[PDB]
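K.L.:
The structure under discussion is supplied below as structure tokens; questions concerning it will follow.
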């Protein structure tokens with residue numbers, strides 16, 4: 001909280017083991033269906 | 001039957017878009033118009049009339065089985081570029097001498113694109 | 001004072017009618033038993049356009065339900081709003097139609113048309129100044145097409161000055177729900193072209209495509225496709241029911257729409273339809289109704305208007321809006337897109353503005369287009385009809401009830417001449 | 001009023017174009033959700049250049065994220081700023097390109113060009129006065145270079161007098177991240193010659209030569225190399241968004257750069273980057289932004305201007321500095337070192353002063369320079385095309401889509417002309 | 001209202017009507033003593049004593065098949081005159097079953113149908129279950145359909161039949177019967193769905209893992225096709241289909257009324273675990289020749305019409321999308337003169353599992369009734385085996401000597417020799 | 001999306017398939033009975049498995065594989081093993097009598113008997129994929145059904161499926177050791193008839209993988225279980241840009257366009273660098289440039305031919321773990337400066353890089369170390385022109401006296417196909433020669 | 001109903017006239033508003 005999004009002000013979490021993508025884009029019966037992401041990369045709670 | 005075209009909505013009914021990863025039946029993009037009264041080409045109980053020109057093809061549809069399929073089936077893709085003329089000629093003759101494979105219902109729809117090096 | 005009588009035929013007409021009457025009852029605050037439970041006083045002023053008053057403050061609809069067997073009206077009665085329909089307005093027979101236009105028109109439907117005419121004459125001689133009749137039906141079955149066109153002919157021989165208005169579920173191009181559709185479709189189009197004042201064309205592939213790419217329903221049902229049809233059904237008759245700044249009834253829409261008497265088949269669309277969770281990405285203003293009424297992937301008709309030329313266009317608006325914005329956009333689209341608009345008509349769009357938006361929305365709009373790119377429907381039906389008819393494909397079923405052989409001939413010549421009439425007014429200078 | 005509609009293509013475009021919306025959003029005070037939480041009124045006064053309005057007081061970018069297989073946009077959606085994009089803007093196919101140009105240009109891209117040009121046509125006509133587009137893409141790939149040239153080709157025929165920029169990532173001189181690079185990059189510079197208004201060249205070793213030599217990053221990811229691309233995508237477009245003692249939009253830098261219309265390949269830079277322990281050692285004045293715009297080792301293009309002649313020069317400044325001191329140094333570097341400046345233009349340098357610095361910084365500075373030392377980027381791709389092409393190397397992967405052999409001949413020869421078109425002025 | 005009168009003729013008619021009626025009692029609430037512990041009116045009719053009695057007539061010429069019904073579990077359900085028996089059977093003979101023995105019993109079945117037609121208000125039509133191979137299923141049944149036409153008129157006369165199998169058969173003299181009954185019902189019948197016992201043997205062996213099945217494993221599968229034809233007269237649906245809807249959409253010509261039958265999601269309860277059974281998976285498997293119910297292959301002929309009867313938890317777009325994939329394949333090829341092709345019907349009540357049954361408990365189902373030109377081999381192979389024995393006058397003395405002139409062998413072979421040309425020319429182009 | 005249909009054929013293909021599919025179950029969350037441990041999220045949490053695993057309604061994942069054989073004794077411990085509940089039973093096709101090291105029995109007589117049964121099963125798995133990248137083929141040239149029926153699998157794939165991408169892994173026969181006697185007749189006749197029908201073809205041979213398990217790992221006496229474990233760590237690294245998050249993505253289409261320049265030349269060779277033992281990773285730092293150099297090392301190669309004898313036509317590097325995109329560059333630039341590697345004249349670009357974030361997986365009770373970075377490589381070399389010369393050597397040897405030719409002539413096959421499929425290969429020996437000449 | 005869907009015959013003929021012959025009959029198994 002309170003740091004600007006400049007290169008160098010961003011910390012990488014080295015403890016993260018899960019990198020899977022949630023399927024927000026799918027096809028159902030030939031139509032493209034967009035689902036809102038409930039979960040981030042690795043299952044992180046958005 | 002004939003496939004047709006939902007004019008706005010042909011993209012959901014594209015054959016690869018319905019999970020059918022093989023060769024498929026093409027569709028009619030443009031519908032031709034006609035007017036008047038249509039002649040009854042066939043008499044009662046489904047006989048074709050005598051003087052109506054019947055097609056040369058078989059009545060039962062040409063499905064090529066396994067023991068009916070030709071030995072040494074030609075490839076589906078054959079681009080002739082970066083080839084010698086005699087080798088490309090042998091490939092085209094291989095494609096040519098099997099007219100029964102290329103004409104079936106479940107037949108091989110090949111590709112001959114390009115010109116070999118002379 | 002401007003009553004509208006409803007006629008539902010076939011199982012398609014019965015299910016569409018049940019959903020439509022549920023929509024109107026929601027709009028006017030009539031509960032599933034018949035008593036008014038509304039909020040405003042505008043809901044109760046012109047309720048007589050649809051609802052007859054009984055003793056004790058009950059409002060019974062002005063609808064006639066017709067079928068050739070009661071297997072659908074069991075299902076209509078067992079629904080939520082099955083208790084509001086009068087028991088005597090149900091007409092049924094003992095034997096079905098069997099997807100046969102001849103049994104719908106001559107053999108079975110002739111013994112039932114007298115009872116239906118008795119009921120509709122009793123409802124029509126109770127209106128103070130009746131405006132006309134609606135028929136909702138399907139061009140694939142036997143009760144809907146055959147008996148429905150028999151009713152249309154016998155209504156328009158007796159009440160020949162009122163308005164006749166049909167919502168027709170014409171056949172779909174990809175998948176046909178009956179092998180023997182195009183016989184019935186040809187033999188019904190040949191009757192509609194003489195005996196209706198307006199006919200809106202509805203296709204189920206178009207309804208599926210709207211409920212998948214725009215409303216984004218994962219599993220739509222017929223109970224949603226009927227909601228789309230009913231929501232554009234009760235938007236062309238709002239100015240008879242609610243106030244506004246520029247009213248327009250069905251006569252005024254017909255007058256400003258059809259320039260020649262044989263050319264009265266229309267393509268509908270409905271503006272503020274928007275997705276489930278994409279409500280926070282879209283504003284709700286008049287340009288955002290215009291760019292979605294006129295979008296060619298919004299028509300309920302499966303014919304592209306970019307193949308042809310808009311003869312006329314109508315837009316019916318609901319809500320409190322600005323006349324400068326409304327007229328500005330209906331001029332602006334015409335000037336920006338000028339190969340899909342004919343030139344011998346200099347302005348093509350008729351605009352009406354009503355006051356009360358639908359219960360839940362801020363604005364709404366409905367579009368009714370008359371184009372010379374609706375002839376692809378008739379050319380495709382003509383080609384499938386000649387393909388089966390030249391070989392006597394299913395012809396014994398039709399011939400065995402006294403049908404002639406010249407009737408298919410005269411129907412296909414009539415539809416082909418109508419096709420040539422459209423193409424003449426497309427190619428006119 | 002002067003709107004810019006953004007485009008991004010491929011796995012290079014969707015990695016450049018994801019950080020660029022994380023550097024503009026914090027520049028204007030926009031949360032991960034999308035709402036405005038700013039501490040001034042200049043952060044909201046001219047925000048319509050990039051951000052569409054949504055409902056409820058919420059702002060959405062005009063990004064058209066394009067790809068040929070959506071794997072590399074699932075990672076973009078799961079980041080810290082993945083919910084700000086409208087999900088209808090995502091364009092994606094089923095099977096990709098395989099780093100093949102023709103499959104991206106003729107075969108698979110052409111089945112996906114009509115769905116893209118619905119999206120841009122829905123946004124280019126929802127602007128009050130559109131100024132021009134952008135494109136972030138890489139020439140080495142298959143869908144960056146492949147259909148990303150079909151996009152510029154099929155929108156120059158629909159909006160033919162607006163602005164079309166490209167931030168290219170043209171290939172590299174030492175290590176090549178695709179074998180079939182010289183077929184793609186020769187066939188795509190040939191498209192960009194007659195189809196762009198501007199185009200900036202970016203090599204990825206020149207980005208490596210900053211973060212090791214200058215920024216002193218021991219482990220620089222492509223996060224900190226996309227962050228250098230997006231810190232000069234905003235310098236060129238600042239005077240639009242923020243007030244100035246002297247202004248310069250995109251057109252004015254285009255007017256004052258190109259003397260002839262075939263010569264529109266530039267080389268960027270960015271001045272006030274500094275090392276780790278040397279921030280407390282730094283002097284903070286104006287002539288130490290002129291040292292690092294113009295220092296011949298920190299261009300983003302891996303082409304030293306010591307071999308060449310500066311045809312024109314740009315300079316964009318961010319801060320509240322003095323108009324005597326800005327103009328003094330442009331007199332200074334032109335009149336010490338005057339063997340690197342052409343002779344038939346007597347003042348090559350265009351200047352511009354925005355007022356609102358990047359957050360945490362007291363000043364900043366951006367550069368664009370048009371050189372005859374950039375034709376050597378086009379010589380090197382030629383001999384690695386025509387070595388590879390005279391023995392017919394990979395050509396069956398390309399001609400097997402139906403191409404011609406003489407189409408390779410002109411894209412060689414059109415690029416041979418611009419090599420000798422630039423080479424008059426040296 | 002919307003009633004149906006089943007008629008079961010022969011041992012292959014009675015033993016199918018023990019597995020059809022076990023389902024209908026159980027699909028509604030009816031116990032096997034008639035008591036329910038109002039959709040049953042299409043098949044049941046309430047007495048004033050609370051006791052539901054079915055609308056059916058069982059006919060046989062031999063007492064050893066119906067006396068199992070009169071002693072078994074369902075002995076209180078059936079009215080004692082709804083089960084008719086003779087004393088001597090027809091003994092694989094067309095002549096005995098048509099002229100000498102069948103005539104002493106034809107005038108008593110039409111007494112029973114006349115009472116069961118006087119209680120139905122709106123009667124849809126009759127249903128016939130018989131076997132071509134037997135003596136009473138082929139001789140007496142061709143005497144019912146002649147006398148039904150003049151007495152009832154234009155009422156619908158559907159029929160189900162056990163067509164002879166290509167290799168296996170019970171009897172020797174089965175090709176004399178299978179020709180002599182096709183000739184004499186060809187003008188008197190509306191639609192004839194056909195299964196044969198050999199192709200259902202190859203489904204219970206392959207789809208279910210029942211090696212060595214029995215007729216009771218076959219009578220239960222046929223009862224799940226009859227249940228899905230009349231499924232829209234009883235349970236609420238979204239697209240109804242009557243019994244009148246089938247003749248008009250599958251009989252393009254009055255001499256061509258032989259469709260086939262397919263019921264798609266027949267699986268075992270160890271494979272319903274493993275696979276999803278969506279609408280497209282079961283639509284695609286109706287058109288598959290491994291799952292047909294006659295050993296004739298539709299790929300070697302042209303389709304003429306189709307009729308899809310969906311049932312369960314189905315949605316209109318998954319019906320519309322799955323059909324349009326069938327219309328794109330090059331292996332489903334249609335005839336020149338049929339450009340529309342299909343009929344659809346959607347019901348809501350999912351299929352009912354029988355205790356002791358074989359199929360799994362499933363949630364969607366499709367029954368397809370398709371008319372094909374590929375049946376032309378089925379008459380041309382049977383025409384060989386009539387011709388092969390009759391060319392040197394074999395078994396004929398068992399037919400001449402009982403009330404039958406000898407000239408009915410030459411005319412019933414002349415007449416069906418027009419039917420082979422009749423199938424041939426309707427698939428020929430223009 | 002991104003689905004891949006694995007086709008395993010032969011006893012070699014089945015026993016490699018048992019190695020790979022144990023790796024894929026552990027790599028995602030799948031148990032040996034199909035289920036995950038319960039997903040404990042809202043709805044479907046992770047859908048990464050869709051390239052290899054489908055999903056039913058109930059929460060059971062069934063692989064997209066077909067296991068083919070002609071002897072019943074190999075699949076009957078797949079059917080009654082630990083993983084007997086994972087596989088849908090109809091995916092595992094057995095014959096009744098095997099091909100018996102005959103190409104001719106496996107091509108014309110027994111292979112044609114069984115071809116149409118398994119091309120009905122690959123339709124059903126290819127109509128479940130919304131986007132199919134391409135098949136995979138796992139065979140060995142030596143056996144009957146690994147050479148004969150496998151070569152006819154590719155031919156009827158080309159008719160039905162067109163230009164769909166049909167990769168294949170293979171076990172090329174070893175130079176010194178050999179299982180069988182009749183392997184040159186098999187191996188020549190199948191490289192002749194898959195030549196215009198196959199898209200790409202990676203090769204390893206078992207003798208080279210013997211040289212790594214004994215030497216680099218500290219496992220004396222490696223059984224085929226230890227060789228099949230390493231093959232699964234190459235197939236996983238080819239397909240981990242399809243399932244896990246990457247910095248640079250590579251599909252299964254970018255290998256044919258980047259290692260196959262010419263139509264007759266589709267033969268790249270696999271290599272996998274940090275295959276190391278748990279006593280000797282306590283001492284070694286495994287950087288990004290420390291494992292790049294060890295794909296070019298002739299000891300750590302995975303075929304028994306030295307790349308130094310030939311010219312590198314292209315490369316394809318697959319980096320997997322905790323790497324930097326800058327130290328990938330910092331090692332490739334070094335490799336080009338050595339004169340002990342030699343790129344072919346007409347390839348001045350060379351390379352194809354791929355960077356993936358998910359580190360390689362530890363199998364419980366396996367061989368390798370828990371390593372944090374790794375490199376896979378598929379490189380195409382002119383140094384394979386010495387491999388057919390040791391196969392023209394052992395075909396013309398037993399063919400000039402016509403040994404074993406009666407076992408193929410009476411087995412449904414004419415005899416002129418012998419004296420043309422070695423003449424067909426005779427052009428390929430000079431065809432590898434002219435791309436070995438510099439453009440003077 | 002939601003498991004059973006029986007349709008009870010409400011309309012019909014008696015004394016050769018059209019009538020609502022039920023007048024005390026269920027819906028789809030459950031009662032109407034007449035209970």
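In case you wondered, yes, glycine gets a Cβ from its N, Cα and C as well.
What Swiss-Prot records for D:11, D:69, D:138, D:142, D:143, D:144, D:204, D:226 is GTP binding site, and it gives similarity to another entry as the kind of evidence. According to Swiss-Prot, the Mg(2+) binding site annotation covers D:69, on the basis of similarity to another entry. The feature phosphothreonine is assigned by Swiss-Prot to D:55, with similarity to another entry given as support. Per Swiss-Prot, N6-acetyllysine is recorded for D:58. What Swiss-Prot lists as phosphoserine is D:172. The motif 'MREI motif' annotation in Swiss-Prot covers D:1-4 and is backed by similarity to another entry.
Give me the structural setting of these features: burial, nearby parts and distances.
P.N.:
Other Cβ atoms within 10 Å of the Cβ of residue D:11 (GTP binding site), summed over all protein chains shown, number 25. DSSP assigns residue D:11 (GTP binding site) to a helical segment in the three-state reduction.
Other Cβ atoms within 10 Å of the Cβ of residue D:69 (GTP binding site), summed over all protein chains shown, number 24.
If you take the C-beta of residue D:55 (phosphothreonine) and look for same-chain residues 6 or more apart in sequence within under 8 angstroms, you find none. Residue D:55 (phosphothreonine) falls within neither a helix nor a strand when secondary structure is assigned with DSSP, and so counts as coil.
There are 18 other Cβ atoms within 10 Å of the Cβ belonging to residue D:58 (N6-acetyllysine).
Under a cutoff of 8 A between CB atoms, and with a sequence separation of 6+ in the same chain, the neighbours of residue D:172 (phosphoserine) are D:203, D:204, D:205, D:302. According to its DSSP assignment, residue D:172 (phosphoserine) is coil.
Under 8 Å from some Cβ of the motif 'MREI motif' (D:1-4) lie the Cβ atoms of residues 48-50, 62, 127-134, 237, 240, 249-250, all in the same chain and six or more residues away from its ends.
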K.L.:
Below 8 Å between Cβ atoms and chain C: which of D:55, D:58, D:144 make it? I'm asking about the recorded positions.
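P.N.:
Out of D:55, D:58, D:144, D:55, D:58 lie under 8 Å of chain C.
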K.L.:
What does the DSSP secondary structure composition of the motif 'MREI motif' (D:1-4) look like, as residue counts for helix, strand and coil?
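P.N.:
Helix, strand and coil residues of the motif 'MREI motif' (D:1-4) number 0 helix, 2 strand, 2 coil.
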K.L.:
Count, for each of the binding-site residues D:138, D:226, the other C-beta atoms lying within 10 angstroms of its own C-beta, and report the residue with the smallest count.
P.N.:
D:226
K.L.:
Starting from the Cβ of residue D:143 (GTP binding site), draw a 10 Å sphere and report how many other Cβ atoms land inside it.
P.N.:
32
K.L.:
Can you name the residues of this chain that are 6 or more positions from residue D:142 (GTP binding site) yet have a C-beta less than 8 Å from its C-beta?
P.N.:
D:10, D:68, D:96, D:97, D:98, D:99, D:100, D:101, D:103, D:104, D:184
K.L.:
Taking residue D:58 (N6-acetyllysine) as the reference, which of D:11, D:69, D:138, D:143, D:144, D:226 (the binding-site residues) have a CA within 10 A of its CA?
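P.N.:
So far as Cα distances go, none of the binding-site residues lies within 10 Å of residue D:58 (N6-acetyllysine).
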K.L.:
Counting only other Cβ atoms and using a 10 Å cut-off, which of the binding-site residues D:144, D:204 scores lowest?
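P.N.:
Among the binding-site residues D:144, D:204, the lowest count of other Cβ atoms within 10 Å belongs to D:204.
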K.L.:
Go through the binding-site residues D:11, D:69, D:144 for me and flag any whose C-beta is under 8 angstroms from a C-beta on chain F.
P.N.:
D:11, D:69
K.L.:
Could you find out if DSSP has residue D:204 (GTP binding site) as helix, strand or coil?
P.N.:
helix
